[PDB]
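1. First portion of the complex, with coordinates as positioned in the assembly:
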Amino acid sequence: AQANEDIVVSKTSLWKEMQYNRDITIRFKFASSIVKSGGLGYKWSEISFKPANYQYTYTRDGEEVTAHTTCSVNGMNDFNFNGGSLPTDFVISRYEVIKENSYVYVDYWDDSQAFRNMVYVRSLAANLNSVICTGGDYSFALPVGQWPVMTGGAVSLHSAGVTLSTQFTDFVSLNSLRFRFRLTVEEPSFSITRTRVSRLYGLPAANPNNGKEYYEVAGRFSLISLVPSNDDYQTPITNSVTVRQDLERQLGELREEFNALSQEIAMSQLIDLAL
């Protein structure tokens, strides 16, 4: 049997149960959200994860296959480090770490025949190989003084159950395959340099990629889906999203008031610099 088979286990007039058994190259990537509190610059608000899309195009056995992957994390632990109540001590209100109790979700999609009209799926199963995700080096750019660097962190992702999901984005909506990963803490630990914290396992949520373009893991998946017998039917993929108009309005009002305040401030500095 080919590595990229496609078989029919039942076929009525309009519908047909098509089996698919195919190899895949999941190339995903974390993405971090860094919110820094105001004042001088010595207090950071959040260092968390954001679901991250990554579209690529790889080579199958004489075919070019475009893909779309989306990495997310669930059940992460919220740590924090506060060394003083004054505006000049380095503090991080809340930063996220990954351990055993957390999980790493990866939605995957391709331009192949398996994902063209997939809305129903049974007999789902996959053979995935394990990889090692290592964190990088994030230099907290303080206004003045020293520059602590959050450096280190290694954690091994192991295959787990598989499910379905939907990758929503501002361009495409994809009925996609959801691969789960569990975590086993590894030897390289992450530590904030020039600080009283070190030798704690996990992965940091500042620079997980470690300056990499992606994390690669190869796999195979096997399912049975409902596809119309005619191989010309198409399910809507693209999107045109206008969600959270109330949020857009809130942001517009905030920008208006912020421009008014900055105007008032620079006017106070202009009158105080017009002698």
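-> Structure received. Numbers count the residues shown, from 1 in each chain, chains lettered A, B, ... in the order given.
2. In this structure residue A:120 contacts residue A:225, no?
-> Yes. Contact criterion Cβ atoms under 8 Å: residue A:120 and residue A:225 qualify, at 5.9 Å. Every C-beta, even on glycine, is put in place using the N, C-alpha and C of the backbone.
3. who has more neighbours, these two?
-> residue A:225 (22 against 14; other Cβ atoms under 10 Å).
4. Surely that one and residue A:16 touch.
-> No. Residue A:225 is beyond contact range of residue A:16, at 9.6 Å (criterion: Cβ under 8 Å).
5. Show me the beta-bridge partners of residue A:70.
-> Applying DSSP bridges to residue A:70 gives these bridge partners: residue A:53, residue A:107.
6. Neighbours of it, how many?
-> Residue A:70: 24 neighbours (other Cβ under 10 Å).
7. got it, and residue A:92?
-> Residue A:92 is flanked by 24 other residues according to other Cβ under 10 Å.
8. is it true that it touches residue A:81?
-> Yes. At 5.1 Å, residue A:92 and residue A:81 qualify as touching, with contact defined as Cβ under 8 Å.
9. Go ahead and add chain B:
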Amino acid sequence: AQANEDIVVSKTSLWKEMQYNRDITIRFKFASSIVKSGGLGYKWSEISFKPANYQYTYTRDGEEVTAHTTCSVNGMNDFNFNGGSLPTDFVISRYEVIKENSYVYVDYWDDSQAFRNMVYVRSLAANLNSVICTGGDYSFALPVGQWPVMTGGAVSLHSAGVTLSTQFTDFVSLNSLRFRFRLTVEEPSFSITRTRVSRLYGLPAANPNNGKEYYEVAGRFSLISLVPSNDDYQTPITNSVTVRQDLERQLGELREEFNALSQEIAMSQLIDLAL
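-> Once chain B is put in with the chains from before, the structure reads:
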């Protein structure tokens, strides 16, 4: 005939028409969005509603059924109250109130068989019982002076038409059932203490829940859906959302601007503290 039946009104080679007639306990909940303008703290920008999720797990007749509800409002009336044009007068540029002209929407979903692959439905109907919803007690936190409190408001929710809908979220996407509700004013009227306004009907948007963990209304729904005869197919439920990336970018630019302005202000405040 049972209360939670499951019938097969037809069956083809792959698909099947199934009828589902089931009892439900809609435990829903509102959620308010408050926005406080800058300046001193006597001026409020908006007090509105937001679509509010609530997931839970209730006992059926010997089954534990996990449920998921999402409330929302439409056609609400935007009242205002301005005591003057000064920084020190209490003013609320806009706050939302629920009345007869408006409608309340409640999306409902469960982990039962009626919802697993529900994409098509007909003969939809439900017999819901009416309830009462009373407003809360929201104490406007003013910087200095007395503390006005929005207190009162009671409206009875009457059952109306039933339809389908979709509960999108950052975790799950659900093909759900949409109960509609109309409103009738009641005797308890809402009013702001220490203010020249009172004896006006409706339900405030500051605290509708009245501190209740949820509002509860029982119901029953009967319908007929198209499901695959093989009860192993699964429709995609989970999500990994990255919608409004342009909005994320705008928020990042606004954070950068506000951090730079706060750093400027803090430096200008600290230069005067070196004597």
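10. Go back to the neighbour count of residue A:70, now with chain B?
-> Residue A:70: 28 surrounding residues under other Cβ atoms under 10 Å in any protein chain shown.
11. again, but for residue A:232
-> For residue A:232, using other Cβ under 10 Å, the count is 5.
12. Please list the residues of the stretch 51-200 of chain A that sit near chain B.
-> Contact residues (Cβ under 8 Å from any Cβ of the partner chain) of the stretch 51-200 of chain A with chain B: A:51-53, A:70-72, A:87, A:105, A:107, A:119-124, A:143, A:163-170, A:175-176, A:178.
13. mind redoing it with 7 Å?
-> Contacts of the stretch 51-200 of chain A with chain B, taken as Cβ under 7 Å from any Cβ of the partner chain, map to A:51, A:53, A:70, A:72, A:105, A:107, A:119-122, A:163-170, A:175, A:178.
14. Enumerate every residue touching the residue of the stretch 1-150 of chain A found nearest chain B.
-> Relative to chain B, the nearest point of the stretch 1-150 of chain A is residue A:38 (3.5 Å; Cβ to the nearest Cβ). Residue A:38 is in contact with B:258-259, B:262, counting by Cβ atoms under 7 Å, 6 or more residues apart in numbering or on different chains.
15. add chain C to the structure above, sequence below:
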Amino acid sequence: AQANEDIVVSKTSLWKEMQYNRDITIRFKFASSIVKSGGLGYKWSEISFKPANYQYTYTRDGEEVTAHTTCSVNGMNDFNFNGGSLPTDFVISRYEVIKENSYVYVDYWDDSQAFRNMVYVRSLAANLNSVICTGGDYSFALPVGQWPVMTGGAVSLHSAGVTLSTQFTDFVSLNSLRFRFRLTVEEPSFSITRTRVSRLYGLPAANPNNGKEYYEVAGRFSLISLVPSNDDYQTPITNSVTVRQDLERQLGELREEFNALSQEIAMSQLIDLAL
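-> Take a look at chain C, now in place beside the chains above:
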């Protein structure tokens, strides 16, 4: 024959293949996002496009049909204009323009039968006529100085391929038809007045509607869709979205910090009015 046909090209127990061929009135609309940087008010951070919803109701040949149209743009170029490094020169960090290399997407939907349970489509085609899109006059509200006005700009929208799409919103979710448009620059150019920029082509992202209520283009489409033979099945349309809760949380922290800073500024300014 008919202009609004509905044919049955095949039929089985529960499903069927229907062919719909209908005339339509695509009344779409552009929308701009004008972000103004802080400071004094001479510096503009960005002027971009945003996907624009517009819903209406128009008269077919004795039928009154409700419709919904969502415009978007893709591949738009980013131009910039800096007059100096000072706070007092009129600078536009970025404004978006449309040209040949770019494309305009229009997702279209009606309440007619062709869209009631459309999830699968084949033999999709369309005949569209060309229209003209022209820019208005966006006067930049400079606090002091002259008044630059971005004016002009005209482009011819020529039809292109048709596909499927999904219009998502905070209210409705529509499995819609995606008409694509390619562009050819016209003679009327866009120019900012009292400024050293003119005789450059494209469409300004400032006021693309030209003060109009919509841009109307007639059309006709033909397709072949899979529908339940029982013409009573309904697919979920309405929504209740709670997406980007983390973004809402970041915006709320931003608002709290901004209110605290504004309170500090206002107390600092009020303490100097006690004589």
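16. try the neighbour count of residue A:70 again now we have chain C.
-> By other Cβ under 10 Å, 28 other residues sit near residue A:70.
17. Would you mind confirming that it is in contact with residue A:104?
-> No. The pair residue A:70 / residue A:104 is not scored as a contact, 11.7 Å apart, by Cβ atoms under 7 Å.
18. Run through the residues of chain A sitting next to chain C.
-> Counting by Cβ under 7 Å from any Cβ, chain A sits next to chain C at A:13-14, A:35, A:37-38, A:45, A:117, A:173, A:228, A:230, A:232-236, A:238-245, A:247, A:250-251, A:254-255, A:258-259, A:261-263, A:266.
19. Filter those residues down to just the ones in strands.
-> If you go by DSSP state E, the residues of chain A next to chain C have A:35, A:45, A:173, A:228 in strands.
20. For those residues, give me a markdown table that also has neighbour count.
-> Shown next, in a markdown table, are those (neighbours: other Cβ atoms under 10 Å in any protein chain shown):
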| residue | neighbour count |
| --- | --- |
| A:35 | 19 |
| A:45 | 20 |
| A:173 | 23 |
| A:228 | 20 |
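21. out of those, who's nearest residue C:139?
-> Within these, proximity to residue C:139 (Cβ to Cβ) peaks at residue A:35, which comes in at 35.5 Å.
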